[PDB]
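Shown next: query-v7.cif, given as mmCIF, C-alpha atoms.
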data_work
#
loop_
_atom_site.label_atom_id
_atom_site.label_comp_id
_atom_site.auth_asym_id
_atom_site.auth_seq_id
_atom_site.Cartn_x
_atom_site.Cartn_y
_atom_site.Cartn_z
CA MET A 1 -29.75 -22.09 9.89
CA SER A 2 -30.19 -19.57 7.06
CA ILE A 3 -28.04 -19.41 3.92
CA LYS A 4 -29.09 -15.77 3.50
CA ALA A 5 -28.03 -14.92 7.05
CA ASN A 6 -24.70 -16.71 6.56
CA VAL A 7 -23.96 -14.86 3.30
CA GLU A 8 -24.95 -11.56 4.95
CA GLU A 9 -22.52 -12.16 7.82
CA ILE A 10 -19.66 -12.85 5.37
CA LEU A 11 -20.39 -9.64 3.46
CA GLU A 12 -20.28 -7.78 6.80
CA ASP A 13 -16.91 -9.39 7.55
CA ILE A 14 -15.69 -8.18 4.15
CA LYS A 15 -16.62 -4.60 5.04
CA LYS A 16 -15.03 -5.02 8.45
CA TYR A 17 -11.73 -6.72 7.56
CA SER A 18 -10.73 -5.87 4.00
CA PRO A 19 -8.38 -2.95 3.35
CA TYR A 20 -10.40 -2.49 0.13
CA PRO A 21 -13.86 -4.04 0.58
CA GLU A 22 -15.03 -2.90 -2.85
CA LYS A 23 -12.54 -5.29 -4.52
CA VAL A 24 -13.54 -8.49 -2.67
CA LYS A 25 -15.67 -11.23 -4.23
CA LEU A 26 -17.24 -14.11 -2.33
CA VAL A 27 -16.69 -17.45 -4.10
CA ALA A 28 -19.25 -19.90 -2.76
CA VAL A 29 -17.60 -23.32 -2.73
CA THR A 30 -20.43 -25.51 -4.01
CA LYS A 31 -18.48 -28.74 -4.49
CA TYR A 32 -20.58 -30.52 -1.81
CA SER A 33 -23.90 -28.77 -2.49
CA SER A 34 -26.97 -30.03 -4.31
CA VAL A 35 -28.37 -27.90 -7.11
CA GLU A 36 -31.25 -27.08 -4.73
CA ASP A 37 -28.83 -25.57 -2.19
CA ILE A 38 -26.92 -23.69 -4.91
CA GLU A 39 -30.23 -22.21 -6.06
CA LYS A 40 -30.78 -21.07 -2.46
CA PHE A 41 -27.38 -19.33 -2.57
CA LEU A 42 -28.27 -17.58 -5.84
CA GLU A 43 -31.40 -16.23 -4.16
CA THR A 44 -29.19 -14.30 -1.72
CA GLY A 45 -28.15 -11.99 -4.56
CA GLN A 46 -24.72 -13.65 -4.96
CA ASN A 47 -23.84 -15.86 -7.92
CA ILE A 48 -20.13 -16.76 -7.94
CA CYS A 49 -19.89 -20.54 -7.50
CA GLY A 50 -16.62 -22.47 -7.27
CA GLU A 51 -16.23 -26.18 -8.04
CA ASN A 52 -13.20 -28.46 -8.00
CA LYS A 53 -14.19 -31.56 -10.05
CA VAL A 54 -14.65 -31.33 -13.81
CA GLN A 55 -17.44 -33.89 -14.09
CA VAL A 56 -19.38 -32.26 -11.25
CA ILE A 57 -19.18 -28.70 -12.58
CA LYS A 58 -19.94 -29.94 -16.10
CA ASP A 59 -23.27 -31.37 -14.96
CA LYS A 60 -24.17 -28.45 -12.71
CA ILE A 61 -23.43 -25.99 -15.57
CA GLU A 62 -25.81 -27.85 -17.90
CA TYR A 63 -28.49 -28.01 -15.18
CA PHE A 64 -28.52 -24.27 -14.53
CA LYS A 65 -28.43 -23.49 -18.25
CA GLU A 66 -31.62 -25.51 -18.63
CA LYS A 67 -33.07 -23.72 -15.59
CA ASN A 68 -32.01 -20.37 -17.14
CA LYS A 69 -30.10 -19.22 -14.04
CA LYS A 70 -27.19 -16.77 -14.25
CA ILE A 71 -24.02 -17.98 -12.52
CA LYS A 72 -20.37 -16.97 -12.66
CA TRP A 73 -18.62 -20.36 -12.61
CA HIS A 74 -15.13 -20.51 -11.08
CA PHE A 75 -12.91 -23.60 -11.30
CA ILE A 76 -10.87 -23.89 -8.12
CA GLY A 77 -9.57 -27.48 -8.21
CA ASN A 78 -6.85 -29.39 -10.02
CA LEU A 79 -7.35 -29.13 -13.78
CA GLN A 80 -5.97 -31.92 -15.93
CA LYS A 81 -4.88 -30.74 -19.40
CA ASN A 82 -7.17 -33.20 -21.17
CA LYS A 83 -10.19 -32.00 -19.13
CA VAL A 84 -9.89 -28.33 -20.17
CA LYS A 85 -12.16 -28.95 -23.18
CA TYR A 86 -15.11 -29.64 -20.86
CA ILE A 87 -15.15 -26.25 -19.09
CA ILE A 88 -13.47 -23.80 -21.50
CA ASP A 89 -16.78 -22.36 -22.78
CA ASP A 90 -18.65 -21.89 -19.47
CA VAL A 91 -16.16 -21.12 -16.69
CA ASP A 92 -15.45 -17.44 -15.98
CA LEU A 93 -12.24 -17.89 -13.95
CA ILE A 94 -9.75 -20.73 -13.52
CA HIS A 95 -7.94 -20.26 -10.18
CA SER A 96 -5.55 -23.17 -10.49
CA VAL A 97 -3.04 -22.52 -13.28
CA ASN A 98 0.02 -24.14 -11.74
CA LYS A 99 2.28 -24.91 -14.69
CA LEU A 100 3.07 -23.80 -18.23
CA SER A 101 1.71 -26.88 -20.01
CA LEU A 102 -1.69 -26.31 -18.42
CA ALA A 103 -1.65 -22.61 -19.30
CA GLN A 104 -0.77 -23.56 -22.89
CA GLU A 105 -3.65 -26.02 -23.12
CA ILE A 106 -6.07 -23.46 -21.71
CA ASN A 107 -4.78 -20.89 -24.21
CA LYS A 108 -5.14 -23.27 -27.16
CA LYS A 109 -8.72 -24.22 -26.24
CA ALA A 110 -9.68 -20.60 -25.58
CA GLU A 111 -8.35 -19.59 -28.98
CA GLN A 112 -10.35 -22.36 -30.69
CA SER A 113 -13.48 -20.90 -29.06
CA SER A 114 -12.45 -17.33 -30.01
CA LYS A 115 -12.30 -16.13 -26.41
CA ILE A 116 -9.84 -15.01 -23.74
CA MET A 117 -9.98 -17.05 -20.54
CA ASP A 118 -9.28 -15.21 -17.28
CA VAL A 119 -6.92 -17.19 -15.01
CA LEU A 120 -5.04 -16.93 -11.73
CA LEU A 121 -1.57 -18.38 -11.25
CA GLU A 122 -1.54 -20.92 -8.40
CA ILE A 123 1.53 -20.46 -6.20
CA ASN A 124 2.73 -22.96 -3.57
CA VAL A 125 3.77 -20.35 -1.07
CA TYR A 126 4.16 -22.59 2.01
CA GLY A 127 6.19 -25.28 0.22
CA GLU A 128 4.00 -28.33 0.85
CA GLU A 129 5.19 -31.69 -0.49
CA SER A 130 1.63 -32.27 -1.68
CA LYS A 131 2.82 -29.68 -4.18
CA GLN A 132 0.79 -28.47 -7.04
CA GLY A 133 1.33 -24.71 -7.19
CA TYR A 134 4.22 -22.84 -8.74
CA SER A 135 7.34 -22.15 -6.86
CA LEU A 136 8.32 -18.51 -7.34
CA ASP A 137 11.47 -19.46 -9.28
CA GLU A 138 9.49 -21.67 -11.67
CA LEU A 139 6.94 -18.93 -12.29
CA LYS A 140 9.62 -16.31 -12.97
CA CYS A 141 11.15 -18.70 -15.48
CA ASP A 142 7.76 -19.15 -17.22
CA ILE A 143 6.68 -15.52 -17.17
CA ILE A 144 7.34 -14.36 -20.72
CA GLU A 145 6.01 -17.54 -22.32
CA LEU A 146 2.95 -17.03 -20.10
CA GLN A 147 2.52 -13.39 -21.09
CA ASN A 148 2.68 -14.34 -24.79
CA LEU A 149 -0.37 -16.64 -24.46
CA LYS A 150 -2.77 -14.13 -25.99
CA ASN A 151 -5.98 -16.05 -25.22
CA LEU A 152 -5.18 -16.08 -21.49
CA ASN A 153 -5.92 -13.10 -19.29
CA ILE A 154 -3.74 -13.52 -16.19
CA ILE A 155 -5.46 -11.30 -13.60
CA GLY A 156 -3.95 -12.52 -10.34
CA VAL A 157 -2.54 -15.25 -8.12
CA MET A 158 -3.95 -17.99 -5.88
CA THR A 159 -2.77 -20.12 -2.98
CA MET A 160 -4.17 -22.54 -0.44
CA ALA A 161 -2.71 -22.42 3.03
CA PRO A 162 -2.64 -25.65 5.07
CA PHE A 163 -5.30 -25.90 7.73
CA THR A 164 -4.04 -24.49 11.03
CA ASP A 165 -5.13 -22.37 13.98
CA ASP A 166 -1.76 -20.57 14.13
CA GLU A 167 -2.65 -17.03 13.10
CA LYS A 168 1.03 -16.14 12.65
CA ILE A 169 1.49 -18.88 10.04
CA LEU A 170 -1.66 -17.86 8.16
CA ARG A 171 -0.60 -14.22 7.98
CA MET A 172 2.85 -15.27 6.78
CA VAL A 173 1.29 -17.34 4.00
CA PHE A 174 -1.27 -14.73 2.96
CA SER A 175 1.18 -11.80 3.19
CA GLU A 176 3.78 -13.77 1.22
CA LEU A 177 1.34 -14.27 -1.67
CA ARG A 178 0.49 -10.56 -1.53
CA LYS A 179 4.19 -9.67 -1.70
CA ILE A 180 4.60 -11.95 -4.73
CA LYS A 181 1.68 -10.25 -6.51
CA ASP A 182 3.12 -6.79 -5.74
CA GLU A 183 6.55 -7.84 -7.03
CA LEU A 184 5.14 -9.48 -10.20
CA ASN A 185 3.11 -6.32 -10.78
CA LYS A 186 6.26 -4.17 -10.75
CA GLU A 187 8.60 -6.45 -12.70
CA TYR A 188 6.36 -8.06 -15.33
CA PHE A 189 2.63 -7.28 -15.36
CA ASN A 190 2.60 -3.46 -15.27
CA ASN A 191 0.02 -3.56 -12.46
CA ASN A 192 -2.43 -5.71 -14.39
CA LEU A 193 -2.62 -8.27 -11.54
CA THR A 194 -5.68 -7.24 -9.52
CA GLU A 195 -6.74 -10.45 -7.73
CA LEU A 196 -5.56 -12.42 -4.70
CA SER A 197 -7.45 -15.70 -4.20
CA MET A 198 -6.85 -16.98 -0.62
CA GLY A 199 -8.84 -17.82 2.46
CA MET A 200 -11.53 -20.38 3.27
CA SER A 201 -14.24 -20.84 5.94
CA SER A 202 -11.97 -21.24 8.93
CA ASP A 203 -9.52 -18.45 8.10
CA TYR A 204 -11.09 -15.96 5.69
CA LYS A 205 -11.17 -13.05 8.15
CA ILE A 206 -7.37 -13.25 8.29
CA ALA A 207 -7.20 -13.60 4.53
CA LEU A 208 -9.38 -10.50 4.14
CA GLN A 209 -7.06 -8.47 6.40
CA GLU A 210 -4.09 -9.62 4.29
CA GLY A 211 -5.77 -8.33 1.12
CA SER A 212 -7.75 -11.27 -0.27
CA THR A 213 -10.02 -10.40 -3.19
CA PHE A 214 -11.55 -13.91 -3.57
CA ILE A 215 -12.52 -15.84 -0.44
CA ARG A 216 -13.52 -19.43 -1.19
CA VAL A 217 -16.09 -20.19 1.49
CA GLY A 218 -18.06 -23.44 1.63
CA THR A 219 -19.06 -24.66 5.08
CA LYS A 220 -19.64 -21.15 6.49
CA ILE A 221 -22.28 -20.56 3.80
CA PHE A 222 -23.96 -23.96 3.58
CA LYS A 223 -23.56 -25.62 7.00
#
What does the file become when written as structure tokens?
Amino acid sequence: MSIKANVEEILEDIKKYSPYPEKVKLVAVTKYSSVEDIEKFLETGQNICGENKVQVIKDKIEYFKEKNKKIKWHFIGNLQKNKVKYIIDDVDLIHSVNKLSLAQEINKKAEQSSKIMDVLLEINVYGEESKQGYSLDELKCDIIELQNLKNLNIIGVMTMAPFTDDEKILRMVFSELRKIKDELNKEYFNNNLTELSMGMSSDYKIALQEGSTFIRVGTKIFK
């Protein structure tokens, strides 16, 4: 296998399936990859790397600083409020803002570092009892408090569909998140929401067709 060839194939899929290929970013999911394999990914010409554990990304960030390698770090896992301090200075995008108290902690830490953190709002579109994302009603209730957090830059929304082969269910999930973004863009964000983070290795071609701008692909790149 060839990491370069795998990345190349995904970029071809982006051109083939996205309604707007120029907006789509590949997020390499590096949560199970050694720093040697990540370095191999960087050598493809891509450098967006997504991790889901705070301790793991913390140590990888320090490693690639010392190796003087340029990486756009995305945090795509569950973020505990008291762990925000460990990533606030080095992560470029937090995908998983699922509640107001977390957004408020991110805002407070960003302000202390004199920066604005880009975030996505995580929305539980399919209604799974392993709930972490927003319901739509909860988000609507939070919206103005959220928009007043001046050291957050809310640029989009995120979901994770359950694993399934049913293409109809996947399209329903992905299209529902797109509809939510479009609605939020009319009613509250004045079109400032530009991103849709959805889709992983087994379903990203569907997610691309439904308008995904961040596909979080692990196995298809590295395995």
With stretch 178-184 of chain A as the partner and 9 Å as the cut-off, tabulate the residues of stretch 80-172 of chain A that qualify, each row holding the nearest pair of atoms and their distance in Å to one decimal, using all atoms listed in the file, sorted by chain and rising number, as JSON lines.
{"residue": "A:136", "atom": "CA", "partner": "A:180", "partner_atom": "CA", "distance": 8.0}
{"residue": "A:140", "atom": "CA", "partner": "A:184", "partner_atom": "CA", "distance": 8.6}
{"residue": "A:156", "atom": "CA", "partner": "A:181", "partner_atom": "CA", "distance": 7.2}
{"residue": "A:157", "atom": "CA", "partner": "A:181", "partner_atom": "CA", "distance": 6.7}
Centre and size of axis-aligned box enclosing stretch 25-28 of chain A plus 8 Å each side, as JSON:
{"center_x": -17.5, "center_y": -15.6, "center_z": -3.3, "size_x": 19.6, "size_y": 24.7, "size_z": 17.9}
Q: Quick one: apply the PyMOL selection byres ((chain A and resi 90-101) around 8) to the file and drop the selected residues here as a PyMOL selection string.
A: chain A and resi 61+72-79+81+87-89+102-105+117-123+132-134+139+142+146+157-158+197
Q) Within 8 Å of (-4.2, -19.6, -24.1), in the coordinates the file gives, what residues turn up when you count all atoms listed in the file, written out as number ranges by chain? A) A: 103-111, 116-117, 149-152
Q: Enumerate, as a list in words, the residues matched when the PyMOL selection byres ((chain A and resi 7) around 10) is run on the file above.
A: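 Applying the PyMOL selection byres ((chain A and resi 7) around 10) to the structure shown produces residues 2, 3, 4, 5, 6, 8, 9, 10, 11, 12, 13, 26, 28, 41, 44, 45, 46, 217, 220, 221 and 222 of chain A.
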Let me know the residues the PyMOL selection byres ((chain A and resi 216) around 8) catches in the file above, as a PDB file with C-alpha atoms, keeping the file's coordinate frame.
ATOM      1  CA  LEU A  26     -17.240 -14.110  -2.330  1.00  0.00           C
ATOM      2  CA  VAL A  27     -16.690 -17.450  -4.100  1.00  0.00           C
ATOM      3  CA  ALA A  28     -19.250 -19.900  -2.760  1.00  0.00           C
ATOM      4  CA  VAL A  29     -17.600 -23.320  -2.730  1.00  0.00           C
ATOM      5  CA  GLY A  50     -16.620 -22.470  -7.270  1.00  0.00           C
ATOM      6  CA  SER A 197      -7.450 -15.700  -4.200  1.00  0.00           C
ATOM      7  CA  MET A 198      -6.850 -16.980  -0.620  1.00  0.00           C
ATOM      8  CA  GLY A 199      -8.840 -17.820   2.460  1.00  0.00           C
ATOM      9  CA  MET A 200     -11.530 -20.380   3.270  1.00  0.00           C
ATOM     10  CA  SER A 201     -14.240 -20.840   5.940  1.00  0.00           C
ATOM     11  CA  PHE A 214     -11.550 -13.910  -3.570  1.00  0.00           C
ATOM     12  CA  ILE A 215     -12.520 -15.840  -0.440  1.00  0.00           C
ATOM     13  CA  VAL A 217     -16.090 -20.190   1.490  1.00  0.00           C
ATOM     14  CA  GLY A 218     -18.060 -23.440   1.630  1.00  0.00           C
TER      15      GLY A 218
END
Q.
With distances taken over all atoms listed in the file, which residue among A:24, A:160, A:14, A:71 lies nearest residue A:38?
A. A:71
(Q) Need the shell around residue A:171: protein/DNA/RNA residues with any atom at most 8 Å away, counting all atoms listed in the file. Skip same-chain ones fewer than 6 positions apart. Format as a PyMOL selection string? (A) chain A and resi 206-207+210
Q: Would you mind telling me which residue in A:42, A:84, A:177, A:49 lies nearest to residue A:30 when using all atoms listed in the file?
A: A:49
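Of the residues under consideration (A:172, A:17, A:69, A:213), A:69 shows the shortest atom-to-atom contact distance to residue A:40 when counting all atoms listed in the file.
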Q) What is the distance, in Å and to one decimal place, between atom CA of residue A:204 and atom CA of residue A:173? A)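 It comes out at 12.6 Å.
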